[PDB]
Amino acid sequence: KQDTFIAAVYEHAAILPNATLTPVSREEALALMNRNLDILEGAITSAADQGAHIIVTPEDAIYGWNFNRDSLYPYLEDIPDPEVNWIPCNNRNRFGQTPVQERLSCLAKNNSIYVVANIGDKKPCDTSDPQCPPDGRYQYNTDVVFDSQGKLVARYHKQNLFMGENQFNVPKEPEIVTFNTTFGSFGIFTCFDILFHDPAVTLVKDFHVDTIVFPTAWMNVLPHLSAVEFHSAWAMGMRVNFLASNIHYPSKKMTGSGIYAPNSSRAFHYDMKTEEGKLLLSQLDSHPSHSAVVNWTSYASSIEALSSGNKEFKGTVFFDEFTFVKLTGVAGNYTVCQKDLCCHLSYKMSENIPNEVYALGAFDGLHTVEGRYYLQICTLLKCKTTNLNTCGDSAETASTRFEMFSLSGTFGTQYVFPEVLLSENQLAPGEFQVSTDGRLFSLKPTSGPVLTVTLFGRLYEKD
């Protein structure tokens, strides 16, 4: 047992297979995957050379995301259950046709570092299995973890597939996967999983993991679902360490990797301008200590409305119709409600920028586009233009700094993720805090202009 460790995550500019009309050969698939593994090896060795205990690499980092069932097939391997007790590097012939697992095992062993990666699983089946797909096998999006001896210690099949992941199957039941180390208990899940209850919430609530490792290939959607923004907020809301390893592909708005602790981001990377990968390291506590449990409706339910006779308007945020009120002065106090959710904001801007409009919004309803999930959100955000019809649209930059803010709401859930995002998609580590009574508030003037301050709530039972 050790009290701290060094975490590493790598943002990877993947080598994508070329567009072809029919499946490539096993041999071609393996040659491509090995070209990606050559680059990941560079990151793994560099991290180990700086004393890292664990490194995470991204979802689809080894073969990309452009597949149907058949074009994916040659990239797949049969990945056994870790209960078999297998070190591929030391016993390479135990299960045949497993060169990717072998190389990952050797990378972990030779650099004595835990290695988290995402590859593809195939599970052959018969018609005797009533669930067996017509084409004779299951295909899974699969995280694998190898320990510092090269032993396979975790295998996780992605539960919540994103629209367009037609090449993979959904597992029969959600797989709750953990692995224990000398530097804490770890849980694992993948990209889209972060928006759902199973396995993500269960790992924290039932299995009490200290840290999440998180391969992802996330497409950023402002104002609330940029990777570094939402991932760091989830970590703070769930009170776990969080190691997010993302694909680097600006063409599809993929960039946003980091290492996040319960109180704050520790390192983050965002880059839409280059095609470079990036390795991040940071120290973390093996067993983070926590403050008291946050009651998200406590302060909000205790006060009278901060404003009345609001001039309210409708605005669209990522396809959801929020109820907004405009912030008129350089300082103010507003309350706005939609159905069961009332949202309260107190603020003071550093300067009124005349052509820049900010609004406070509330949403309480079911999201349906690109996925189905129930939301309660209170948001302060920079409107894209001066027109109120653009409040909620994607806004990349702003000029208004804030001297103070305090946001809260009457949430009917205890799963709330506190987000703060500054202009140019920068996080604000150490500049804000969450109180026990559910207030997201500033500790000092913001170091840069504000894109949003948001409390993003999930009511999993209403999905």
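All residue numbers refer to positions in the sequence shown, first residue = 1.
- Annotation: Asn93 belongs to the positions left without coordinates in at least a third of the other compared entries, with flanking residues modelled.
- Higher mean CA B-factor, judged across 121-129 and 174-182 from the recorded values: 121-129.
- The mean C-alpha temperature factor is higher for 283-291 when 238-246 and 283-291 are set side by side.
- Looking only at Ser105, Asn141, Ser301, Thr216, the residue with the top Cα B factor in the deposited structure is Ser301.
- As recorded in the entry, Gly309 carries the highest CA temperature factor of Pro74, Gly277, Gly309, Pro99.
- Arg155 sits in the lowest third of its chain by CA B factor, as recorded in the PDB entry.
- Remark: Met404 belongs to the highest third of its chain, ranked by C-alpha B-factor as recorded.
- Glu28: CA B factor lies in the middle third for its chain, per the PDB record.
- Annotation for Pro58: CA B-factor lies in the lowest third of the chain's modelled residues.
- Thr413: CA B factor in the highest third of modelled residues in this chain (values from the PDB entry).
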